[PDB]
């Protein structure tokens, strides 16, 4: 019936992970073809404080490197999360986290990889907090500053987990953190390439 508020909207078929107004598939190979917008949710387990100097996220193995940091955040974007399409498309919000379930396990999409613990170079305690299973979907992302991050789908509890570091304490209640948009980051892009490629405004 109602579709607003969006978290309450009924499921709808969406043709592809990213699609245009003609219903055609838009490949996820390029940087910036989808944007994650959300009010993330945090719990007492979200904030992890320890310096990790050569952090990585592993996938099926190989990996993508992350910036060294002391503040690690495991946030849930399942309830309010939406994906905006690449700006040239004009599609705006073209998935909710619920509709995205139709495509999150589509390993054929270049953006989506299978999580691999073995090449994930993170503290033991942090891996424990992530509570992921080998093969869970993982997506390379970056914020608007080019700070690499990962979006996971934790299949065991059907939660979309946004994992990223911050330069400073986000606060015990996450009061300090002012969230940024996250955009998909191609596996072949360096940080400079990601920033150069990224568009956030339709022209």
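Residue numbers count along the first chain shown, from 1.
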| property | result |
| --- | --- |
| Chain break class at residue 60/residue 61 - deposited residues not modelled | 4 to 9 |
| Greater mean Cα temperature factor according to the PDB record, 77-85 or 98-106 | 98-106 |
| Mean C-alpha temperature factor, higher of 188-196 and 12-20 | 188-196 |
| Residue selected from 165, 51, 156, 144 by maximal Cα B factor | 156 |
| Third of the chain's Cα B-factor distribution that residue 170 belongs to, per the entry | middle |
| Position of residue 135 among the chain's modelled residues by C-alpha B-factor, lowest, middle or highest third | highest |
